[PDB]
file upload.cif (mmCIF, C-alpha atoms)
data_upload
#
loop_
_atom_site.label_atom_id
_atom_site.label_comp_id
_atom_site.auth_asym_id
_atom_site.auth_seq_id
_atom_site.Cartn_x
_atom_site.Cartn_y
_atom_site.Cartn_z
CA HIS Q 1 9.76 -107.94 -9.31
CA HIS Q 2 6.48 -109.85 -9.00
CA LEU Q 3 4.96 -107.82 -11.84
CA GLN Q 4 8.01 -108.55 -14.01
CA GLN Q 5 7.69 -112.26 -13.19
CA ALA Q 6 3.96 -112.23 -14.01
CA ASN Q 7 4.57 -110.22 -17.23
CA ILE Q 8 2.35 -107.33 -16.13
CA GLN Q 9 3.52 -104.27 -18.05
CA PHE Q 10 4.58 -101.38 -15.82
CA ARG Q 11 6.62 -98.29 -16.66
CA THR Q 12 9.88 -98.43 -14.71
CA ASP Q 13 11.31 -94.98 -15.55
CA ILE Q 14 8.89 -92.87 -13.52
CA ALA Q 15 8.82 -91.51 -9.97
CA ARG Q 16 5.94 -92.33 -7.64
CA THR Q 17 5.54 -88.70 -6.57
CA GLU Q 18 5.47 -87.42 -10.15
CA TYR Q 19 3.03 -90.16 -11.16
CA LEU Q 20 0.62 -89.62 -8.25
CA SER Q 21 0.88 -85.83 -7.85
CA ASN Q 22 0.42 -82.74 -10.00
CA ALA Q 23 3.05 -80.03 -10.13
CA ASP Q 24 0.42 -77.41 -9.23
CA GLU Q 25 -0.43 -79.21 -6.01
CA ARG Q 26 3.26 -79.91 -5.34
CA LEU Q 27 3.92 -76.16 -5.55
CA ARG Q 28 0.87 -75.51 -3.36
CA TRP Q 29 2.19 -78.00 -0.78
CA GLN Q 30 5.61 -76.33 -0.82
CA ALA Q 31 3.87 -72.98 -0.29
CA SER Q 32 1.83 -74.41 2.61
CA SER Q 33 4.83 -75.54 4.71
CA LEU Q 34 5.82 -78.95 3.40
CA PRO Q 35 9.39 -80.30 3.24
CA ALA Q 36 10.74 -80.95 -0.24
CA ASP Q 37 11.82 -84.57 0.20
CA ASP Q 38 10.18 -87.43 -1.68
CA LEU Q 39 8.99 -89.20 1.48
CA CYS Q 40 7.09 -86.08 2.56
CA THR Q 41 5.72 -85.77 -0.99
CA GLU Q 42 4.46 -89.37 -0.84
CA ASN Q 43 2.99 -88.66 2.60
CA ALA Q 44 1.12 -85.65 1.20
CA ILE Q 45 -0.11 -87.81 -1.69
CA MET Q 46 -1.47 -90.32 0.84
CA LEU Q 47 -3.00 -87.46 2.85
CA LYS Q 48 -4.92 -86.33 -0.23
CA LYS J 1 18.40 -64.64 -2.89
CA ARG J 2 18.56 -68.37 -3.70
CA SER J 3 15.16 -68.87 -2.05
CA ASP J 4 13.74 -65.97 -4.08
CA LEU J 5 15.22 -67.45 -7.26
CA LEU J 6 13.66 -70.83 -6.48
CA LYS J 7 10.31 -69.09 -5.93
CA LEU J 8 10.73 -67.34 -9.29
CA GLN J 9 11.49 -70.67 -10.98
CA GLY J 10 8.38 -72.23 -9.44
CA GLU J 11 6.25 -69.29 -10.58
CA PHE J 12 7.74 -69.62 -14.07
CA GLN J 13 6.90 -73.33 -14.21
CA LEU J 14 3.35 -72.48 -13.12
CA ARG J 15 3.33 -69.99 -16.01
CA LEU J 16 4.43 -72.75 -18.42
CA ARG J 17 1.59 -74.96 -17.29
CA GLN J 18 -0.93 -72.10 -17.54
CA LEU J 19 0.21 -71.48 -21.13
CA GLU J 20 -0.17 -75.17 -21.94
CA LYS J 21 -3.70 -75.30 -20.49
CA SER J 22 -4.70 -72.03 -22.19
CA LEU J 23 -3.40 -73.16 -25.58
CA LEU J 24 -5.19 -76.51 -25.25
CA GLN J 25 -8.46 -74.78 -24.32
CA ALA J 26 -8.09 -72.25 -27.16
CA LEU J 27 -7.48 -74.97 -29.75
CA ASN J 28 -10.29 -77.15 -28.38
CA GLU J 29 -13.06 -74.59 -27.85
CA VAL J 30 -13.11 -72.86 -31.26
CA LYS J 31 -15.12 -75.63 -33.03
CA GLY J 32 -14.61 -73.85 -36.34
CA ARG J 33 -12.01 -72.19 -38.57
CA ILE J 34 -8.77 -71.24 -36.81
CA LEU J 35 -7.65 -68.74 -39.47
CA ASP J 36 -10.92 -66.77 -39.47
CA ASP J 37 -10.97 -64.96 -36.12
CA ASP J 38 -8.17 -62.57 -35.16
CA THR J 39 -8.80 -63.12 -31.43
CA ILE J 40 -7.09 -66.50 -31.77
CA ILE J 41 -4.09 -64.83 -33.42
CA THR J 42 -3.93 -62.21 -30.66
CA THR J 43 -4.10 -64.91 -27.97
CA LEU J 44 -1.34 -66.90 -29.68
CA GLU J 45 0.76 -63.72 -29.91
CA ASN J 46 0.34 -63.41 -26.14
CA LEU J 47 1.40 -67.07 -25.87
CA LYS J 48 4.48 -66.28 -28.00
CA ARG J 49 5.45 -63.38 -25.72
CA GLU O 1 -8.14 -90.41 -23.10
CA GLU O 2 -9.29 -86.79 -22.90
CA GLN O 3 -5.67 -85.65 -23.29
CA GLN O 4 -5.44 -87.70 -26.50
CA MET O 5 -8.76 -86.23 -27.65
CA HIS O 6 -7.43 -82.70 -27.08
CA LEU O 7 -4.28 -83.62 -29.02
CA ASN O 8 -6.38 -84.97 -31.90
CA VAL O 9 -8.45 -81.77 -32.01
CA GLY O 10 -5.25 -79.74 -32.29
CA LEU O 11 -3.77 -81.80 -35.12
CA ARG O 12 -7.00 -81.52 -37.12
CA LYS O 13 -6.73 -77.75 -36.71
CA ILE O 14 -3.14 -78.03 -37.96
CA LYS O 15 -4.27 -79.85 -41.11
CA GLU O 16 -7.10 -77.33 -41.57
CA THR O 17 -4.62 -74.45 -41.20
CA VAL O 18 -2.26 -76.00 -43.77
CA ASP O 19 -5.14 -76.46 -46.23
CA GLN O 20 -6.29 -72.89 -45.56
CA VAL O 21 -2.74 -71.61 -46.18
CA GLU O 22 -2.64 -73.44 -49.53
CA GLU O 23 -6.07 -72.07 -50.46
CA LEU O 24 -5.00 -68.58 -49.38
CA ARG O 25 -1.88 -68.75 -51.55
CA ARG O 26 -3.98 -69.86 -54.52
CA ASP O 27 -6.49 -67.07 -53.84
CA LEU O 28 -3.62 -64.58 -53.54
CA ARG O 29 -2.38 -65.61 -56.99
CA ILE O 30 -5.93 -65.44 -58.38
CA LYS O 31 -6.48 -61.96 -56.92
CA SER O 32 -3.12 -60.77 -58.26
CA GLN O 33 -4.12 -62.00 -61.73
CA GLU O 34 -7.51 -60.30 -61.40
CA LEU O 35 -5.84 -57.05 -60.33
CA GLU O 36 -3.51 -57.23 -63.34
CA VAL O 37 -6.45 -57.93 -65.68
CA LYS O 38 -8.46 -55.01 -64.28
CA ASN O 39 -5.39 -52.75 -64.50
CA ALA O 40 -4.98 -53.73 -68.17
CA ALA O 41 -8.67 -53.00 -68.77
CA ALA O 42 -8.27 -49.64 -67.00
CA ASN O 43 -5.29 -48.80 -69.22
CA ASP O 44 -7.33 -49.78 -72.29
CA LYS O 45 -10.12 -47.48 -71.08
CA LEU O 46 -7.59 -44.67 -70.59
CA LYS O 47 -6.38 -45.21 -74.17
CA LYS O 48 -10.03 -45.11 -75.27
CA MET O 49 -10.46 -41.74 -73.53
CA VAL O 50 -7.27 -40.46 -75.17
CA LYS O 51 -8.45 -41.58 -78.61
CA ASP O 52 -11.92 -40.07 -78.08
CA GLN O 53 -10.38 -36.77 -76.93
CA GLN O 54 -8.09 -36.73 -79.98
CA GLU O 55 -11.06 -37.41 -82.28
CA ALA O 56 -13.10 -34.65 -80.62
CA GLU O 57 -10.21 -32.20 -80.94
CA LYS O 58 -9.74 -33.12 -84.61
CA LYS O 59 -13.47 -32.75 -85.29
CA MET C 1 -3.16 -36.11 -68.50
CA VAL C 2 -4.89 -35.06 -71.74
CA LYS C 3 -2.62 -32.01 -72.05
CA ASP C 4 0.50 -34.14 -71.55
CA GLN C 5 -0.75 -36.70 -74.08
CA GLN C 6 -1.37 -33.93 -76.62
CA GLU C 7 2.09 -32.47 -75.96
CA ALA C 8 3.69 -35.90 -76.41
CA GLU C 9 1.76 -36.44 -79.65
CA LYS C 10 2.87 -33.03 -80.94
CA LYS C 11 6.50 -33.67 -79.95
CA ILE V 1 -18.56 -32.92 -79.96
CA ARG V 2 -21.28 -33.10 -77.29
CA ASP V 3 -21.90 -36.79 -78.02
CA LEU V 4 -18.16 -37.49 -77.83
CA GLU V 5 -17.98 -35.61 -74.51
CA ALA V 6 -20.89 -37.65 -73.14
CA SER V 7 -19.19 -40.86 -74.29
CA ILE V 8 -15.96 -39.67 -72.63
CA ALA V 9 -17.83 -39.03 -69.37
CA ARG V 10 -19.51 -42.45 -69.45
CA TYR V 11 -16.21 -44.17 -70.27
CA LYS V 12 -14.45 -42.34 -67.43
CA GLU V 13 -17.26 -43.41 -65.10
CA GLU V 14 -16.65 -47.02 -66.15
CA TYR V 15 -12.93 -46.33 -65.68
CA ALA V 16 -13.60 -45.15 -62.12
CA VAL V 17 -15.71 -48.26 -61.46
CA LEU V 18 -12.91 -50.49 -62.79
CA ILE V 19 -10.34 -48.68 -60.62
CA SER V 20 -12.69 -49.08 -57.64
CA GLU V 21 -12.90 -52.84 -58.21
CA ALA V 22 -9.13 -53.09 -58.78
CA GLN V 23 -8.36 -51.19 -55.57
CA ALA V 24 -10.84 -53.29 -53.60
CA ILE V 25 -8.96 -56.31 -54.98
CA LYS V 26 -5.67 -54.67 -53.94
CA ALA V 27 -6.94 -54.06 -50.39
CA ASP V 28 -8.08 -57.68 -50.24
CA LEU V 29 -4.62 -58.67 -51.49
CA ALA V 30 -2.97 -56.69 -48.69
CA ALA V 31 -5.30 -58.31 -46.14
CA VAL V 32 -4.53 -61.76 -47.57
CA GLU V 33 -0.79 -61.03 -47.45
CA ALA V 34 -1.05 -60.00 -43.79
CA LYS V 35 -3.07 -63.15 -43.06
CA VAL V 36 -0.46 -65.24 -44.90
CA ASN V 37 2.36 -63.75 -42.81
CA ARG V 38 0.39 -64.34 -39.60
CA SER V 39 -0.40 -67.90 -40.71
CA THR V 40 3.28 -68.51 -41.50
CA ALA V 41 4.23 -67.42 -37.97
CA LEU V 42 1.42 -69.64 -36.67
CA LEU V 43 2.71 -72.53 -38.79
CA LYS V 44 6.25 -72.19 -37.43
CA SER V 45 5.17 -71.93 -33.78
CA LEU V 46 2.62 -74.73 -33.94
CA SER V 47 5.21 -76.76 -35.86
CA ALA V 48 7.37 -76.38 -32.76
CA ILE W 1 9.26 -38.72 -75.02
CA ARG W 2 10.58 -41.08 -72.33
CA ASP W 3 10.30 -38.32 -69.71
CA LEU W 4 6.77 -37.57 -70.92
CA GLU W 5 5.87 -41.27 -70.59
CA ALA W 6 7.33 -41.34 -67.07
CA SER W 7 5.25 -38.27 -66.19
CA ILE W 8 2.25 -40.06 -67.72
CA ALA W 9 2.86 -43.05 -65.45
CA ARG W 10 3.27 -40.85 -62.36
CA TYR W 11 0.16 -38.81 -63.17
CA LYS W 12 -1.95 -41.92 -63.78
CA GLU W 13 -0.71 -43.40 -60.49
CA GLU W 14 -1.72 -40.20 -58.68
CA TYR W 15 -5.04 -40.34 -60.54
CA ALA W 16 -5.57 -43.91 -59.33
CA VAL W 17 -4.70 -42.90 -55.75
CA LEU W 18 -7.13 -39.97 -55.88
CA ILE W 19 -9.90 -42.18 -57.29
CA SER W 20 -9.14 -44.72 -54.55
CA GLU W 21 -9.55 -42.06 -51.86
CA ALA W 22 -12.72 -40.73 -53.51
CA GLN W 23 -14.26 -44.21 -53.63
CA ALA W 24 -13.30 -44.88 -50.01
CA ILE W 25 -15.09 -41.61 -49.21
CA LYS W 26 -18.05 -42.84 -51.28
CA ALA W 27 -18.19 -46.12 -49.33
CA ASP W 28 -18.08 -44.12 -46.09
CA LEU W 29 -20.89 -41.94 -47.49
CA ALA W 30 -23.02 -45.00 -48.24
CA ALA W 31 -22.40 -46.29 -44.71
CA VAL W 32 -23.37 -42.86 -43.36
CA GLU W 33 -26.58 -42.89 -45.43
CA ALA W 34 -27.47 -46.33 -44.04
CA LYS W 35 -26.72 -45.14 -40.50
CA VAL W 36 -28.83 -42.00 -41.03
CA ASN W 37 -31.79 -44.04 -42.29
CA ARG W 38 -31.52 -46.52 -39.40
CA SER W 39 -31.15 -43.70 -36.87
CA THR W 40 -34.14 -41.84 -38.33
CA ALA W 41 -36.34 -44.94 -38.05
CA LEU W 42 -35.02 -45.40 -34.50
CA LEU W 43 -35.75 -41.74 -33.75
CA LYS W 44 -39.35 -42.05 -34.96
CA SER W 45 -40.01 -45.28 -33.04
CA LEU W 46 -38.37 -44.13 -29.82
CA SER W 47 -40.08 -40.73 -30.09
CA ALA W 48 -43.37 -42.62 -30.11
#
call {"tool": "encode", "arguments": {"input": "upload.cif", "output": "C-alpha cells"}}
result
Amino acid sequence: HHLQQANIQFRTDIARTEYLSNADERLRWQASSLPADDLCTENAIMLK
Amino acid sequence: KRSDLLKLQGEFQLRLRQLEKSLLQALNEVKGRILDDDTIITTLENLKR
Amino acid sequence: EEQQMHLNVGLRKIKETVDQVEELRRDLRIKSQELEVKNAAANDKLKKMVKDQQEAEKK
Amino acid sequence: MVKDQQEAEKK
Amino acid sequence: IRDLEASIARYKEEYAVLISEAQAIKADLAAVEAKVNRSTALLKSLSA
Amino acid sequence: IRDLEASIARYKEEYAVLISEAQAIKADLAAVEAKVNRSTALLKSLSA
C-alpha cells in the first residue's frame, strides 16, 4: 500500500516464494524433509 | 501411488528445466552457423523426443 | 540481463536460419537447373556418339 | 545401346 | 575408322566426366533436400 | 519404335547408374591412393 501511494512500481501478480526461490531448490528442499506450505518455503528462503 | 505420481511430476518438471537450460546453452555456445553442424540437429532431435 | 542476452542470441540464430533456408532453396533450384543442363549435354554427347558410330559403320 | 539404336534406325 | 573410334572413345570419356559431375550435383541435391527437411522441422519447433 | 525408345531410356538410365558406381569406386580409389602414400611416408618415418 505504501509503494502504491508513493508510485513505486511493483508487480502484484507474483508469489513471494516463487520470486525468491528456484524450482530446483524447492524440489531439493522437498526431498530434504521440508513441508510444502508457503510459510515453510519462505522460512527456507530466509534460511538460505 | 499418489506420492509416487507427485515424485514423477517433480522429476518431469526438473526434466523440463534441464531441457530449457540445455537448449539455451546449445543456442548460445555455437558462435557460428546453426545449419552447418549435424551435432546441433542431433541434440535438437533429442530435445524433441 | 543475461537472460535477455541469451534470448537475443537465439533470435539472431533464428534469423540466420531463415536466411540460410532461403539461400538453400535458391541453391537447390540452381543445382537442379545445373543437373538438367548437364543431363542435356550428356544426351547431346550420346547423340554425338550415335552419329559417329553411324558414320563409321557407313564408311 | 548402339545395337538398339541401329535396330531402331533399320525399323 | 580408327580416327572415328578414337574420337568416340574421347567423347565417351567426356560423357563419363559429364555424368560424374551431374551425379555429384545429384548427390549434393539429395544432401540439400535432407538439410531442407531438417531445417523445416527446426523452423517449426523453434517457431513454437 | 516407342518400345525401342523406352528400352533406350531404361538402358541409358542403367548406363548412368553403372557410371555413377564406377566413379564412386574411382573416388574411393583416389582416397585409397592418398592413404597409401600418407601411410608409406608414415612407415618410413616411424621405421627410422
call {"tool": "closest_atom_pairs", "arguments": {"input": "upload.cif", "of": "chain J", "to": "chain Q", "cutoff": "10 Å", "atoms": "all atoms listed in the file", "output": "JSON lines"}}
result
{"residue": "J:7", "atom": "CA", "partner": "Q:31", "partner_atom": "CA", "distance": 9.4}
{"residue": "J:10", "atom": "CA", "partner": "Q:27", "partner_atom": "CA", "distance": 7.1}
{"residue": "J:11", "atom": "CA", "partner": "Q:27", "partner_atom": "CA", "distance": 8.8}
{"residue": "J:13", "atom": "CA", "partner": "Q:23", "partner_atom": "CA", "distance": 8.7}
{"residue": "J:14", "atom": "CA", "partner": "Q:24", "partner_atom": "CA", "distance": 6.9}
{"residue": "J:17", "atom": "CA", "partner": "Q:24", "partner_atom": "CA", "distance": 8.5}
{"residue": "J:18", "atom": "CA", "partner": "Q:24", "partner_atom": "CA", "distance": 10.0}
call {"tool": "closest_atom_pairs", "arguments": {"input": "upload.cif", "of": "chain O", "to": "chain V", "cutoff": "6 Å", "atoms": "all atoms listed in the file", "output": "JSON lines"}}
result
{"residue": "O:35", "atom": "CA", "partner": "V:22", "partner_atom": "CA", "distance": 5.4}
{"residue": "O:38", "atom": "CA", "partner": "V:22", "partner_atom": "CA", "distance": 5.9}
{"residue": "O:42", "atom": "CA", "partner": "V:15", "partner_atom": "CA", "distance": 5.9}
{"residue": "O:49", "atom": "CA", "partner": "V:8", "partner_atom": "CA", "distance": 5.9}
{"residue": "O:56", "atom": "CA", "partner": "V:1", "partner_atom": "CA", "distance": 5.8}
call {"tool": "residues_around", "arguments": {"input": "upload.cif", "residues": "segment 40-43 of chain J", "least_positions_apart": "4", "cutoff": "10 Å", "atoms": "all atoms listed in the file", "output": "ChimeraX atom specification"}}
result
/J:22-23,26-27,30,34-36,47-49 /V:35,38-39,41-42
call {"tool": "interface_residues", "arguments": {"input": "upload.cif", "of": "chain C", "to": "chain O", "cutoff": "10 Å", "atoms": "all atoms listed in the file", "output": "PyMOL selection string"}}
result
chain C and resi 1-2+5-6+9
call {"tool": "atom_distance", "arguments": {"input": "upload.cif", "atom1": "atom CA of residue 42 of chain Q", "atom2": "atom CA of residue 1 of chain O"}}
result
25.6 Å
call {"tool": "atom_distance", "arguments": {"input": "upload.cif", "atom1": "atom CA of residue 48 of chain V", "atom2": "atom CA of residue 23 of chain O"}}
result
22.6 Å
call {"tool": "interface_residues", "arguments": {"input": "upload.cif", "of": "chain O", "to": "chain J", "cutoff": "12 Å", "atoms": "only C-alpha atoms", "output": "JSON, numbers by chain"}}
result
{"O": [2, 3, 4, 5, 6, 7, 8, 9, 10, 11, 12, 13, 14, 15, 16, 17, 18, 19, 20, 21, 23, 24]}
call {"tool": "atom_distance", "arguments": {"input": "upload.cif", "atom1": "atom CA of residue 20 of chain J", "atom2": "atom CA of residue 39 of chain J"}}
result
17.6 Å
call {"tool": "closest_residue", "arguments": {"input": "upload.cif", "among": "Q:9, Q:32, Q:4, Q:22", "to": "residue 45 of chain Q", "atoms": "all atoms listed in the file"}}
result
Q:22
call {"tool": "axis_aligned_box", "arguments": {"input": "upload.cif", "around": "segment 3-10 of chain C", "padding_each_side": "8 Å", "output": "AutoDock Vina command-line options"}}
result
--center_x 0.5 --center_y -34.4 --center_z -76.2 --size_x 22.3 --size_y 20.7 --size_z 25.4
